Each structure stands twice: as structure tokens, then as C-alpha cells.
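Chemist: The following block contains the structure, expressed as C-alpha cells.
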There are 4 protein chains.
Amino acid sequence: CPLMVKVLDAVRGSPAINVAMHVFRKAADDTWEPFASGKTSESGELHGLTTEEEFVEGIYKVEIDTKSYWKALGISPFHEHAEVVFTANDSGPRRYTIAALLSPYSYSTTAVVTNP
Amino acid sequence: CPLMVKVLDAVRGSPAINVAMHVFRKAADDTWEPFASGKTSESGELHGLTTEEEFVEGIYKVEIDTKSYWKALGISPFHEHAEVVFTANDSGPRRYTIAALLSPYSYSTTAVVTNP
Amino acid sequence: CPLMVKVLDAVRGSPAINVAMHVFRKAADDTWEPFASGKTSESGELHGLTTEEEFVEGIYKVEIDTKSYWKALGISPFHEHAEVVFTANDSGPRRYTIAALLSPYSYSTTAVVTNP
Amino acid sequence: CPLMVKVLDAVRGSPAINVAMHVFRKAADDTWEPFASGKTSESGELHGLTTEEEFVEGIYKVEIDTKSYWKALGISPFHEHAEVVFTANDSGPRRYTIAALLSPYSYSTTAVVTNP
Ligand SMILES: COc1cc(/C=C/c2cc(O)cc(O)c2)ccc1O
Ligand SMILES: COc1cc(/C=C/c2cc(O)cc(O)c2)ccc1O
Ligand code: NA
Ligand code: NA
Ligand code: NA
Ligand code: NA
């Protein structure tokens, strides 16, 4: 899995399930080109976003729709979304896990980057 | 001060000093318009970005240049920047403090929103 | 103020007000001796816990009563408390700010250490 | 797995491998009784700490030796250890994953609690 995203709920102590996100890749004109998307599973994980051959050097943005997640729980959150912007594959392929821990007024994110 | 940003360094246990950031506001055509910018002080704080009159309802993005901060310390970090996107003042004027806690592969961010 | 603690609420986007905490110092017999205690103010800050003369080298524990805070809001939280254990002043006098960002099932904590 | 601990390194973007920890359970005299222990694997995970039958209601403390982890990397960290103190199994068995994200001057922790 070249790119996986895992989302956790800090209020309820659970995976954040059915969280939608889009992934973009920065184009030469500095616009954000659509790249991948999906929703987290019952484990809070989104696998299968891309393949090693398609996932080359670039600046990538994961835009996680945290607002819809909190709204469905009756909570008015601070952020429009949580976004994670990073350069990937600049030294050749790596495997990336992006984790996000969500609260209504806060989020934390980290990356685990592994060499295949 | 209707908007203040405070940035902390989780590696060195210090304020994150001289961190550049840019604030944008979403325009009617869904474009990000430049709104304000500045650098954190010796306390890790950036004051004076805007005024009560100028800080109208809208969707704002604070883009913190974490990459340059880490690179100046000899660290090749994961993120291009740490960004915070939020609706402001849609229920009347509020004061916002955005805090960010930085590590090379991770960041946490929260908001303190107060009604004056 | 050689030691200050600041506590923030990630659910409500506010300082965590009236949060009790107890500070202990490790005794020569490896027991935790009571050192100081107090409650956060309306700003989420607790000042005046100790003095430069009293805050000698040692191992200190700050135990923040997060459980009572959440229970007063009707939330059954995960942790009994958030605690921070650290050696202080072993290279000479320093000023310490301990910050904690609270959610029902999660907390983040950092330290800002400055040389006066 | 009734109790699993996962530890991540926010400086290097990797699992925190070979991190030692002890688990204690509060006794009737308010002393901390030894309960379980181990070291994280190459995935940053420590499995097999306990069994469902042995893991009953109590207050548990996971004490993670983060200081030795940072010292081995030549880093002088803030905390003596990271500790996570929580009541478990008060409503009967649950499965607990404790995650900790480590930086030299900061840590974040969350719990994922699932009903079998
Ligand atoms: C708002 O003013 C302050 C915030 C903080 C720390 C905020 C913080 C701490 C964390 O552990 C995580 C996080 O995302 C934010 C410290 C001193 C301040 O004066
Ligand atoms: C539980 O499983 C996993 C948790 C995480 C990340 C947890 C985490 C992330 C943060 O940004 C902050 C925090 O306190 C905890 C990553 C991979 C996993 O498989
Ligand atoms: Na390269
Ligand atoms: Na309105
Ligand atoms: Na000394
Ligand atoms: Na019960």
C-alpha cells in the first residue's frame, strides 16, 4: 500500500468511520489536480488510493472532510477540513501512512514513511 | 487582536521563532485571496495580522511555513506547511487564537475561540 | 514564575477553566512528595505554583485532574488524569511552561523551557 | 487482543521500535501493582500484554520509557516517561488500543476502545 490514511476520533475513542477525503497532486501551474479519493472503512482506514507506478514525485494534498463527520454527530466543529500537504517519492518510492486524530476544535496528524 | 497565531517547537521545547505564515480568505469566486502575513516573534506569537473592522465573516486559511523552519535547522521535514482552514465570525465577532505544535513528521493544531 | 501550566479544551475550543492539578516531587526515598497544587484560571493558566528558591533540581510530576473536568461536562472520559513527569533545573535554573490539550479519549502535552 | 500499545516517532516518521514499557494496576492500598510489560516490535506495537480473563476492572497505568528511546538517538528529552492512566473494564470486557506519538519535548496519546 503506497498510500494509506487512518483517521481516529479523540472524542469517542474509536476509529473515525465513513470519513470522506480527496487527494490532489500539485500541477506545473500550481493548481491542485485530482489524484485519488475515498472514505474510511469501519477500521478508520482508507487503503487502495493509488499504486506504486502511479504514485511518483510530487506535492500531494490529502483533504479530509472532518466538518461533515462532526456535523453528523451534532457537533459544530472549527475546521472546514483537515489537510495534509507533503512532498512524496522525491527519493523514489516510499510507503506512506498518514494518520489524523480528530477533535471538534483540534486535529493532530503524523506520517509513517517506510522504504520498500 | 481578533486573530493571533502561536507556534511551538516539540523537538527543542521552545517557541517556534521566525516562522513565516500567510493568511488567505476565500473570495466569492472560490479563489484564495491574500489576506495577511507575518512571522512569529521570540515568544512564538504573531499578533496584529488584522483588525476587528477588516476581519469579516468568511472562510480563512492560515498556512504556516513549517518546511522552511525545519530546513533552517538542518531537518528535512514531511509537510510542505501546516494549514488551518476555518469559518470565522459567522455568528458575530469572535477572537481567535490558533496554536500549532510542530515536529518534523507531525503537527497538532487547536483553536481557542472567545466571545468579547 | 518558574513553573506555569496551561490547559486547553479541544472539544469546546476554549481554555480549560477550573482544572485542578497537583504537583509532586520525588523524595530521596523514591516517594512522591506533595509539592504544590492549584486550579486553572479563566485563561486556562495556573501561575504561582512555586518560587525560584523553592523550585530546586528534582524529578517533578504534574498530575492534571482531567477526569473531574470532563465529568462536570457530562462526559465519561478515558483517562484518570493527564500527567507530566520530568527532571527540572538539573543544568541550572530554567522557566517551564507545561501545556496540555485535552479531549475525552486523548491528550497532548508539550513543554516550553527557557533560560532566564 | 485485550490491550495493545502502539508507539510512533514524530521526529523520524517511523514506528518507535524497542520501546520498553511496564503496566501496573492500582491496588486497594493505592499502590501500583505490577501487571504486564514488554517492548514494542518493529511495527511499533506491543501485543500479548494480557488476556481477557486476567484483565478485569481496575485503574491501569502504562509507563512508557520514552527517555531511554530518545537517549539512544542522542537526544536529551523532556519527560522521564510517558504515562497513560485509565480505568478499564468497568462495564465488562473491552479491547483497548493505546497509541502514543512521541517527540523530545512532547507526547500525544489516544485510546481506541472497542466492545467485543
Ligand atoms: C494558546 O496559547 C498557548 C498554547 C500552548 C500550547 C498549545 C498546544 C499544546 C499541545 O500539546 C498541542 C497543541 O495542538 C497546542 C502553550 C502556551 C500558550 O500560551
Ligand atoms: C491505532 O493505530 C494507529 C494509530 C496511529 C496514529 C495515532 C495517533 C496519531 C496522532 O496524530 C496523535 C496521536 O496521539 C495518536 C497510526 C497508525 C495506527 O495503526
Ligand atoms: Na531526490
Ligand atoms: Na450568520
Ligand atoms: Na547538574
Ligand atoms: Na460499571
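A note on labels: chains of the C-alpha cells are A, B, ... as shown, every chain counts residues from 1, and ligands are counted from 1 in their shown order.
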Given a cut-off of 7 Å, which residues of chain B touch chain A, counting only C-alpha atoms, written out as a CSV table (one decimal) with N, CA, C and O atoms, in the first residue's frame?

Modeler:
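What ended up in result24.csv:
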```
chain,number,residue,atom,x,y,z
B,78,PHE,N,8.5,16.4,6.8
B,78,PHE,CA,7.5,15.7,6.0
B,78,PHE,C,6.6,16.7,5.3
B,78,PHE,O,6.4,16.6,4.0
B,79,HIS,N,6.0,17.7,6.0
B,79,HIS,CA,5.0,18.5,5.4
B,79,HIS,C,5.6,19.7,4.7
B,79,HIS,O,6.6,20.3,5.0
B,80,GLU,N,4.8,20.2,3.6
B,80,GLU,CA,5.2,21.5,3.0
B,80,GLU,C,4.8,22.6,3.9
B,80,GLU,O,5.6,23.6,3.9
B,81,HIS,N,3.7,22.5,4.6
B,81,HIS,CA,3.3,23.6,5.6
B,81,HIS,C,2.3,22.9,6.5
B,81,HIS,O,1.8,21.8,6.2
B,83,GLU,N,-1.5,23.8,7.7
B,83,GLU,CA,-2.5,24.7,7.4
B,83,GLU,C,-3.8,24.5,8.2
B,83,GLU,O,-4.1,23.3,8.6
B,85,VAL,N,-7.8,25.7,8.1
B,85,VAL,CA,-8.9,26.3,7.3
B,85,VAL,C,-10.2,26.3,8.1
B,85,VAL,O,-10.6,25.2,8.6
B,86,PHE,N,-10.8,27.4,8.3
B,86,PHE,CA,-11.9,27.6,9.2
B,86,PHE,C,-12.8,28.7,8.8
B,86,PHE,O,-12.4,29.7,8.2
B,87,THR,N,-14.1,28.6,9.1
B,87,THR,CA,-15.0,29.7,9.0
B,87,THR,C,-14.9,30.6,10.3
B,87,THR,O,-14.8,30.1,11.4
B,105,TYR,N,7.8,15.3,11.4
B,105,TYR,CA,6.8,14.4,10.7
B,105,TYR,C,5.4,14.6,11.2
B,105,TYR,O,4.6,13.7,10.9
B,106,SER,N,5.1,15.6,12.0
B,106,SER,CA,3.8,15.6,12.7
B,106,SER,C,3.5,17.1,13.1
B,106,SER,O,4.4,17.8,13.4
B,107,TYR,N,2.2,17.4,13.1
B,107,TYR,CA,1.9,18.6,13.8
B,107,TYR,C,0.5,18.5,14.4
B,107,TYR,O,-0.3,17.7,14.0
B,108,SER,N,0.3,19.2,15.5
B,108,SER,CA,-1.0,19.4,16.2
B,108,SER,C,-1.4,20.8,16.1
B,108,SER,O,-0.6,21.7,16.2
B,109,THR,N,-2.7,21.0,15.9
B,109,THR,CA,-3.2,22.4,15.9
B,109,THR,C,-4.6,22.5,16.7
B,109,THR,O,-5.4,21.5,16.6
B,110,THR,N,-4.8,23.6,17.4
B,110,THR,CA,-6.1,23.8,18.0
B,110,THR,C,-6.4,25.2,17.9
B,110,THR,O,-5.6,26.1,17.5
B,111,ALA,N,-7.7,25.5,18.3
B,111,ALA,CA,-8.2,26.9,18.2
B,111,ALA,C,-8.8,27.2,19.6
B,111,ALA,O,-9.5,26.4,20.2
```

Chemist: Check which residues fall inside 12 Å of ligand 5 when counting only C-alpha atoms and all ligand atoms, and print them as an MDAnalysis selection string.

Modeler: chainID C and resid 56:58 87:93

Chemist: I need the chosen residues saved as a PDB file, in the first residue's frame, with C-alpha atoms.

Modeler:
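The resulting file, out_24.pdb, is reproduced below:
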```
ATOM      1  CA  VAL C  56      15.217  23.086  43.104  1.00  0.00           C
ATOM      2  CA  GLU C  57      16.656  20.319  40.930  1.00  0.00           C
ATOM      3  CA  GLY C  58      14.483  17.245  41.041  1.00  0.00           C
ATOM      4  CA  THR C  87      13.572  16.401  35.536  1.00  0.00           C
ATOM      5  CA  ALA C  88      13.802  20.132  36.240  1.00  0.00           C
ATOM      6  CA  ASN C  89      16.714  22.534  36.757  1.00  0.00           C
ATOM      7  CA  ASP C  90      19.475  19.927  36.558  1.00  0.00           C
ATOM      8  CA  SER C  91      21.627  22.279  34.426  1.00  0.00           C
ATOM      9  CA  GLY C  92      20.742  25.412  36.381  1.00  0.00           C
ATOM     10  CA  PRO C  93      17.540  27.424  36.748  1.00  0.00           C
TER      11      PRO C  93
END
```

Chemist: Do you have the CA of residue 70 in chain D-CA of residue 39 in chain D distance handy?

Modeler: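 Computed distance, CA of residue 70 in chain D to CA of residue 39 in chain D, equals 14.8 Å.
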
Chemist: Measuring between only C-alpha atoms and all ligand atoms, which one of B:75, B:8, B:1, B:49 shows the shortest distance to ligand 1?

Modeler: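 Nearest candidate to ligand 1 out of B:75, B:8, B:1, B:49: B:8.
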
Chemist: Show which residues sit within 8 Å of residue 47 in chain A, as number ranges by chain. Count only C-alpha atoms, and ignore same-chain residues fewer than 4 positions away.

Modeler: A: 1, 3-5

Chemist: Filtering to C-alpha atoms, could you give me those residues as a PDB file, in the first residue's frame?

Modeler:
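Everything below was put into result.pdb:
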```pdb
ATOM      1  CA  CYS A   1       0.000   0.000   0.000  1.00  0.00           C
ATOM      2  CA  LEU A   3      -0.581   5.481   0.471  1.00  0.00           C
ATOM      3  CA  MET A   4      -2.930   4.735   3.368  1.00  0.00           C
ATOM      4  CA  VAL A   5      -4.842   7.183   5.579  1.00  0.00           C
TER       5      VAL A   5
END
```

Chemist: Using DSSP secondary structure from the backbone, list all strand (DSSP E) positions within chain A, as a PyMOL selection string.

Modeler: chain A and resi 3-9+14-15+20-26+32-39+45-46+58-64+79-88+95-103+106-114

Chemist: Give me the residues within 8 Å of residue 34 in chain B as a list in words, counting only C-alpha atoms and dropping any in the same chain fewer than 6 places off.

Modeler: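 Residues near the query, excluding close chain neighbours: residues 22, 23, 24 and 25 of chain B.
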
Chemist: Could you please write out, as a VMD selection string, every residue of chain D that DSSP assigns to helix (DSSP H, G or I)?

Modeler: chain D and resid 66 to 72

Chemist: Between CA of residue 96 in chain B and CA of residue 21 in chain B, what is the distance in Å, rounded to a tenth?

Modeler: 15.7 Å

Chemist: So what do you get for CA of residue 35 in chain C versus CA of residue 10 in chain C, distance-wise?

Modeler: 28.3 Å

Chemist: Quick one: everything within 10 Å of residue 116 in chain B, counting only C-alpha atoms, minus sequence neighbours fewer than 5 positions away in the same chain. Send it as a list in words.

Modeler: residues 2, 93, 94 and 95 of chain B

Chemist: Since we have the selection now, will you write its residues out, keeping N, CA and C atoms, as a CSV table (one decimal), in the first residue's frame?

Modeler:
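Resulting contents of again-v1.csv:
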```csv
chain,number,residue,atom,x,y,z
B,2,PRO,N,-8.1,40.4,17.0
B,2,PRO,CA,-9.1,39.3,16.7
B,2,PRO,C,-8.5,38.0,16.2
B,93,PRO,N,-18.8,38.7,15.9
B,93,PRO,CA,-17.3,38.8,16.1
B,93,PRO,C,-16.8,37.9,17.2
B,94,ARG,N,-15.7,37.2,16.9
B,94,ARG,CA,-15.0,36.4,17.9
B,94,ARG,C,-13.6,36.7,17.8
B,95,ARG,N,-12.8,36.4,18.9
B,95,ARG,CA,-11.4,36.4,18.9
B,95,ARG,C,-10.9,35.0,18.8
```

Chemist: With only C-alpha atoms and all ligand atoms as the atoms that count, which of D:46, D:102, D:16, D:72 lies nearest to ligand 1?

Modeler: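 Nearest candidate to ligand 1 out of D:46, D:102, D:16, D:72: D:102.
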
Chemist: Can you pull out every residue within 10 Å of residue 43 in chain A, counting only C-alpha atoms, but drop anything in the same chain fewer than 2 positions away, and send it as a list in words?

Modeler: residues 6, 7, 8, 14, 15, 16, 17, 18, 40, 41, 45 and 46 of chain A
